[PDB]
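In PDB author numbering, the protein residues as written are 1 to 147.
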(Lines of atoms letter the chains of each structure in order from A; the text may use other names.)
(Lines give C-alpha, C1' and ligand atoms only; values in the text may rest on other atoms or scores of the structure.)
Protein backbone atom coordinates (compact mmCIF):
# COMPACT_ATOMS: atom_id res chain seq x y z
CA UNK A 1 0.00 0.00 0.00
CA UNK A 2 1.15 3.64 -0.51
CA UNK A 3 2.36 4.69 2.96
CA UNK A 4 1.98 8.39 2.00
CA UNK A 5 -1.84 7.98 1.66
CA UNK A 6 -2.08 7.83 5.50
CA UNK A 7 0.20 10.87 6.22
CA UNK A 8 -1.70 14.23 5.98
CA UNK A 9 1.16 16.83 6.19
CA UNK A 10 2.08 17.89 9.78
CA UNK A 11 2.31 14.15 10.66
CA UNK A 12 6.16 13.98 10.74
CA UNK A 13 8.34 15.32 13.61
CA UNK A 14 11.87 15.18 15.06
CA UNK A 15 12.13 16.18 18.74
CA UNK A 16 15.16 16.42 21.07
CA UNK A 17 13.30 14.60 23.88
CA UNK A 18 9.64 14.35 24.91
CA UNK A 19 8.91 16.13 28.22
CA UNK A 20 7.64 12.82 29.71
CA UNK A 21 6.00 9.49 28.74
CA UNK A 22 2.58 11.22 28.27
CA UNK A 23 3.97 14.03 26.07
CA UNK A 24 5.59 11.32 23.88
CA UNK A 25 2.08 9.92 23.20
CA UNK A 26 0.80 13.49 22.64
CA UNK A 27 3.56 14.22 20.06
CA UNK A 28 2.65 10.89 18.36
CA UNK A 29 -1.00 12.08 18.06
CA UNK A 30 -1.17 15.92 17.96
CA UNK A 31 -0.77 16.03 14.14
CA UNK A 32 -3.88 13.78 13.83
CA UNK A 33 -5.78 15.74 16.54
CA UNK A 34 -4.98 19.01 14.68
CA UNK A 35 -7.00 17.83 11.61
CA UNK A 36 -9.59 16.00 13.83
CA UNK A 37 -8.58 12.52 12.62
CA UNK A 38 -9.13 11.83 16.39
CA UNK A 39 -10.71 13.38 19.52
CA UNK A 40 -8.65 14.21 22.68
CA UNK A 41 -10.01 11.08 24.46
CA UNK A 42 -8.20 8.87 21.90
CA UNK A 43 -4.78 10.05 23.18
CA UNK A 44 -5.84 9.72 26.84
CA UNK A 45 -6.98 6.08 26.28
CA UNK A 46 -3.41 5.16 25.19
CA UNK A 47 -1.89 7.11 28.15
CA UNK A 48 -4.25 5.48 30.69
CA UNK A 49 -3.57 1.98 29.28
CA UNK A 50 0.19 2.69 29.32
CA UNK A 51 -0.03 3.76 33.01
CA UNK A 52 -2.25 0.74 33.91
CA UNK A 53 -0.13 -1.98 32.20
CA UNK A 54 2.40 -0.68 29.64
CA UNK A 55 2.59 0.32 25.93
CA UNK A 56 0.57 -2.20 23.84
CA UNK A 57 2.46 -1.87 20.55
CA UNK A 58 6.24 -2.29 20.81
CA UNK A 59 7.68 -3.73 17.57
CA UNK A 60 11.48 -3.64 18.15
CA UNK A 61 13.88 -2.34 20.87
CA UNK A 62 13.29 1.45 20.89
CA UNK A 63 10.27 1.37 18.49
CA UNK A 64 6.55 1.82 19.34
CA UNK A 65 3.22 2.50 17.57
CA UNK A 66 0.81 4.60 19.77
CA UNK A 67 -2.78 3.68 18.72
CA UNK A 68 -6.19 2.89 20.32
CA UNK A 69 -9.35 1.17 18.95
CA UNK A 70 -11.57 3.30 16.59
CA UNK A 71 -14.27 3.49 19.31
CA UNK A 72 -11.77 5.13 21.75
CA UNK A 73 -12.26 8.36 19.70
CA UNK A 74 -10.96 8.04 16.12
CA UNK A 75 -12.94 10.03 13.50
CA UNK A 76 -10.97 9.36 10.23
CA UNK A 77 -7.98 7.16 9.17
CA UNK A 78 -4.33 8.40 9.19
CA UNK A 79 -0.83 8.15 10.77
CA UNK A 80 2.01 10.14 12.41
CA UNK A 81 5.82 9.60 12.74
CA UNK A 82 7.84 11.07 15.62
CA UNK A 83 11.56 10.59 16.46
CA UNK A 84 13.06 11.54 19.86
CA UNK A 85 16.87 12.07 19.69
CA UNK A 86 17.34 11.02 23.37
CA UNK A 87 14.12 8.90 23.57
CA UNK A 88 11.88 8.59 26.66
CA UNK A 89 11.23 5.60 28.97
CA UNK A 90 7.65 4.22 28.77
CA UNK A 91 6.47 2.49 32.00
CA UNK A 92 6.95 -1.31 32.09
CA UNK A 93 8.89 -1.34 28.75
CA UNK A 94 12.42 -2.86 28.71
CA UNK A 95 14.25 0.30 27.43
CA UNK A 96 13.47 3.91 26.25
CA UNK A 97 11.57 4.42 22.98
CA UNK A 98 13.17 6.68 20.33
CA UNK A 99 10.79 6.04 17.40
CA UNK A 100 6.98 6.27 17.50
CA UNK A 101 4.43 6.05 14.66
CA UNK A 102 0.87 7.20 15.32
CA UNK A 103 -2.14 5.45 13.71
CA UNK A 104 -5.90 6.16 13.80
CA UNK A 105 -8.75 4.51 11.84
CA UNK A 106 -12.50 5.15 11.50
CA UNK A 107 -13.24 1.37 11.28
CA UNK A 108 -11.57 -1.98 12.11
CA UNK A 109 -11.02 -2.83 8.39
CA UNK A 110 -9.38 0.59 7.86
CA UNK A 111 -7.23 -0.24 10.94
CA UNK A 112 -6.18 -3.59 9.34
CA UNK A 113 -5.32 -1.80 6.05
CA UNK A 114 -3.30 0.86 7.92
CA UNK A 115 -1.48 -1.79 10.04
CA UNK A 116 -0.59 -3.79 6.89
CA UNK A 117 0.81 -0.57 5.34
CA UNK A 118 3.01 0.40 8.34
CA UNK A 119 4.27 -3.21 8.79
CA UNK A 120 6.29 -2.49 5.58
CA UNK A 121 8.30 -0.06 7.80
CA UNK A 122 8.06 -1.37 11.40
CA UNK A 123 8.90 -5.01 10.47
CA UNK A 124 11.90 -4.11 8.22
CA UNK A 125 15.07 -3.62 10.29
CA UNK A 126 16.72 -1.82 7.32
CA UNK A 127 13.98 0.86 7.52
CA UNK A 128 14.13 0.89 11.36
CA UNK A 129 17.84 1.82 11.21
CA UNK A 130 17.20 4.61 8.66
CA UNK A 131 14.26 5.98 10.73
CA UNK A 132 16.32 5.85 13.97
CA UNK A 133 19.31 7.66 12.35
CA UNK A 134 17.06 10.25 10.59
CA UNK A 135 18.73 13.67 10.94
CA UNK A 136 15.53 15.58 10.02
CA UNK A 137 11.79 15.44 9.31
CA UNK A 138 12.82 15.42 5.61
CA UNK A 139 14.71 12.12 6.02
CA UNK A 140 11.71 10.69 7.95
CA UNK A 141 9.39 11.88 5.13
CA UNK A 142 11.61 10.27 2.44
CA UNK A 143 11.12 6.87 4.13
CA UNK A 144 7.31 7.43 4.05
CA UNK A 145 7.50 8.38 0.31
CA UNK A 146 9.56 5.18 -0.30
CA UNK A 147 6.53 3.08 0.81
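Don't be surprised by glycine CBs; every beta carbon is placed ideally from N, CA and C.
Nearest residue (CA-CA) to residue 26, options 53, 67, 9, 137: Your numbering for residue 26 matches position 26 in the chain shown. Measuring from the Cα of residue 26, the nearest candidate turns out to be 67.
Residue ranges of each beta strand (DSSP E) within the stretch 97–141, 3 or longer: As far as the stretch 97–141 is concerned, its whole beta strand (DSSP E) runs of at least 3 residues are 97–100.
Proximity of residue 70 and residue 64 at Cβ, strictly below 8 Å: Stepping through the chain shown from its first residue, residue 70 is reached at position 70. Stepping through the chain shown from its first residue, residue 64 is reached at position 64. No, Cβ-Cβ distance for residue 70 and residue 64 is not below 8 Å.
Segments assigned alpha helix (DSSP H), at least 4 residues, entirely inside the stretch 23–77: 30–33, 40–52
For residue 135, the nearest candidate out of 99, 52, 120, 30 (CA to CA): Locating residue 135 in the chain shown gives position 135, where the first residue counts as 1. Here the closest residue by C-alpha is 99.
Reference residue 108, options 122, 123, 74, 143, closest by Cα: For the purposes of this step, residue 108 is taken as residue 108 along the chain shown, with counting starting at 1. Ranking the options by Cα distance to residue 108, first place goes to 74.
Alpha-carbon spacing of residue 53 relative to residue 93, whole angstroms: The residue you call residue 53 lines up with position 53 of the chain shown. The residue you call residue 93 lines up with position 93 of the chain shown. Going from the Cα of residue 53 to the Cα of residue 93 covers about 10 Å.
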